[PDB]
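Chemist: One structure, pasted below without further comment.
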There are 2 protein chains.
Amino acid sequence: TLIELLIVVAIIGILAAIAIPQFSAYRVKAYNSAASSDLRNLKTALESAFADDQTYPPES
Amino acid sequence: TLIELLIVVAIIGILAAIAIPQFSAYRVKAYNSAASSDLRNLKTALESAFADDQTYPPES
């Protein structure tokens, strides 16, 4: 019936706007926490290399 | 929502590759420093035994 096809339309419009959130910060935090962990790891690498050669490794 | 399950997947992939380092040298150095200490100790044992018997101990 036409009234049924007037409520189908009235629910499609509702379920098409459910305040979809932006997933931008929630991922840049992950990127940042990857970089920070990587740096804290690289520090271990550097300080072990010094304890090998009494010198931090040359660049490149 | 499907978009939430598209960012969960996008963070699982990030946190599954955080440049995991190889822990091979960092342990062989420990093994080496154990052996070197052991040898420096054995030298004390040998040189005390000589000061006992005027001779280093026979092998085996």
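To be explicit about the labels: the chains of the structure tokens are called A, B, and onward in the order shown, and within each one the residues are counted from 1, while ligands get numbers from 1 in the order they are shown.
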Using DSSP on the backbone coordinates, identify all residues within chain A classified as helix (DSSP H, G or I); present the result as an MDAnalysis selection string.
Modeler: chainID A and resid 4:15 25:53
Chemist: Store the residues picked out above, limited to N, CA and C atoms, as a tab-separated table (two decimals), in the first residue's frame.
Modeler:
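again-v5.tsv, written as the output of this step:
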```tsv
chain	number	residue	atom	x	y	z
A	4	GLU	N	2.41	2.21	3.31
A	4	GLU	CA	3.61	1.45	3.65
A	4	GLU	C	4.84	2.03	2.98
A	5	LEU	N	4.71	2.44	1.72
A	5	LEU	CA	5.80	3.07	0.99
A	5	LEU	C	6.00	4.51	1.37
A	6	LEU	N	5.20	5.03	2.31
A	6	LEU	CA	5.46	6.33	2.90
A	6	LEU	C	6.19	6.22	4.23
A	7	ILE	N	6.16	5.05	4.86
A	7	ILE	CA	6.92	4.83	6.08
A	7	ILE	C	8.26	4.18	5.78
A	8	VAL	N	8.35	3.35	4.73
A	8	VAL	CA	9.66	2.88	4.29
A	8	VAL	C	10.56	4.07	4.00
A	9	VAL	N	10.04	5.06	3.27
A	9	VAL	CA	10.78	6.28	2.99
A	9	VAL	C	11.11	7.04	4.27
A	10	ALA	N	10.22	7.01	5.26
A	10	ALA	CA	10.45	7.76	6.49
A	10	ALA	C	11.45	7.09	7.42
A	11	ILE	N	11.69	5.80	7.26
A	11	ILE	CA	12.73	5.11	8.02
A	11	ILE	C	14.07	5.12	7.29
A	12	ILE	N	14.05	5.03	5.96
A	12	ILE	CA	15.30	5.13	5.21
A	12	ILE	C	15.98	6.46	5.48
A	13	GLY	N	15.20	7.54	5.55
A	13	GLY	CA	15.77	8.84	5.86
A	13	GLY	C	16.35	8.91	7.26
A	14	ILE	N	15.73	8.23	8.22
A	14	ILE	CA	16.24	8.24	9.59
A	14	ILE	C	17.54	7.46	9.68
A	15	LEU	N	17.56	6.24	9.14
A	15	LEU	CA	18.74	5.39	9.25
A	15	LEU	C	19.88	5.82	8.33
A	25	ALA	N	41.36	11.51	14.37
A	25	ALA	CA	42.23	11.49	15.53
A	25	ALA	C	42.52	10.07	15.98
A	26	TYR	N	41.53	9.18	15.87
A	26	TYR	CA	41.59	7.86	16.48
A	26	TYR	C	42.64	6.99	15.81
A	27	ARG	N	43.17	7.44	14.69
A	27	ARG	CA	44.19	6.80	13.89
A	27	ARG	C	45.53	7.52	13.93
A	28	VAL	N	45.52	8.86	13.99
A	28	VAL	CA	46.76	9.60	14.13
A	28	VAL	C	47.39	9.30	15.49
A	29	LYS	N	46.58	9.04	16.51
A	29	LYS	CA	47.15	8.60	17.78
A	29	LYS	C	47.91	7.29	17.62
A	30	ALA	N	47.36	6.36	16.83
A	30	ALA	CA	48.05	5.10	16.57
A	30	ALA	C	49.36	5.34	15.84
A	31	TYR	N	49.34	6.21	14.82
A	31	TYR	CA	50.57	6.53	14.10
A	31	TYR	C	51.62	7.11	15.04
A	32	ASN	N	51.21	8.03	15.91
A	32	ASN	CA	52.12	8.65	16.86
A	32	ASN	C	52.71	7.63	17.81
A	33	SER	N	51.86	6.73	18.34
A	33	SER	CA	52.34	5.70	19.25
A	33	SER	C	53.24	4.69	18.56
A	34	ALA	N	53.12	4.53	17.24
A	34	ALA	CA	54.09	3.71	16.53
A	34	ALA	C	55.44	4.41	16.45
A	35	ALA	N	55.43	5.70	16.10
A	35	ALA	CA	56.69	6.43	15.96
A	35	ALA	C	57.42	6.54	17.30
A	36	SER	N	56.68	6.78	18.38
A	36	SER	CA	57.31	6.92	19.70
A	36	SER	C	57.96	5.62	20.15
A	37	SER	N	57.26	4.50	19.98
A	37	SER	CA	57.83	3.19	20.28
A	37	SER	C	59.08	2.94	19.45
A	38	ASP	N	59.02	3.29	18.16
A	38	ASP	CA	60.18	3.10	17.30
A	38	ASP	C	61.38	3.88	17.80
A	39	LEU	N	61.17	5.13	18.22
A	39	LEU	CA	62.28	5.94	18.71
A	39	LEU	C	62.85	5.36	20.00
A	40	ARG	N	61.98	4.94	20.92
A	40	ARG	CA	62.45	4.35	22.17
A	40	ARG	C	63.24	3.07	21.92
A	41	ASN	N	62.91	2.35	20.85
A	41	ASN	CA	63.66	1.17	20.44
A	41	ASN	C	65.02	1.55	19.86
A	42	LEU	N	65.02	2.56	19.00
A	42	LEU	CA	66.26	3.03	18.38
A	42	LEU	C	67.25	3.50	19.44
A	43	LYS	N	66.74	4.07	20.54
A	43	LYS	CA	67.64	4.47	21.62
A	43	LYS	C	68.40	3.27	22.18
A	44	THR	N	67.70	2.15	22.38
A	44	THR	CA	68.38	0.93	22.83
A	44	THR	C	69.44	0.52	21.83
A	45	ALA	N	69.11	0.58	20.54
A	45	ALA	CA	70.08	0.18	19.53
A	45	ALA	C	71.33	1.05	19.60
A	46	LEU	N	71.14	2.37	19.68
A	46	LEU	CA	72.27	3.30	19.76
A	46	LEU	C	73.12	3.04	20.99
A	47	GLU	N	72.49	2.86	22.15
A	47	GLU	CA	73.27	2.76	23.37
A	47	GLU	C	73.95	1.41	23.50
A	48	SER	N	73.45	0.38	22.81
A	48	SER	CA	74.20	-0.87	22.73
A	48	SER	C	75.39	-0.72	21.78
A	49	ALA	N	75.19	-0.03	20.66
A	49	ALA	CA	76.30	0.17	19.73
A	49	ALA	C	77.44	0.94	20.40
A	50	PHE	N	77.10	1.95	21.20
A	50	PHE	CA	78.15	2.67	21.92
A	50	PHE	C	78.89	1.74	22.88
A	51	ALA	N	78.14	0.91	23.61
A	51	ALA	CA	78.79	-0.03	24.51
A	51	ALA	C	79.60	-1.08	23.77
A	52	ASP	N	79.43	-1.17	22.45
A	52	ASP	CA	80.34	-1.98	21.65
A	52	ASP	C	81.61	-1.22	21.28
A	53	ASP	N	81.48	-0.03	20.71
A	53	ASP	CA	82.60	0.63	20.05
A	53	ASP	C	83.09	1.88	20.77
```
Chemist: Just how far from atom CA of residue 18 of chain A is atom CA of residue 2 of chain A, in Å to one decimal?
Modeler: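 Atom CA of residue 18 of chain A lies at a distance of 26.0 Å from atom CA of residue 2 of chain A.
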Chemist: If you measure from atom CA of residue 59 of chain A to atom CA of residue 16 of chain B, what distance in Å do you get, rounded to one decimal?
Modeler: 28.4 Å
Chemist: Mind pulling up the distance from atom CA of residue 17 of chain B to atom CA of residue 3 of chain B?
Modeler: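 That distance, rounded to one decimal, is 22.3 Å.
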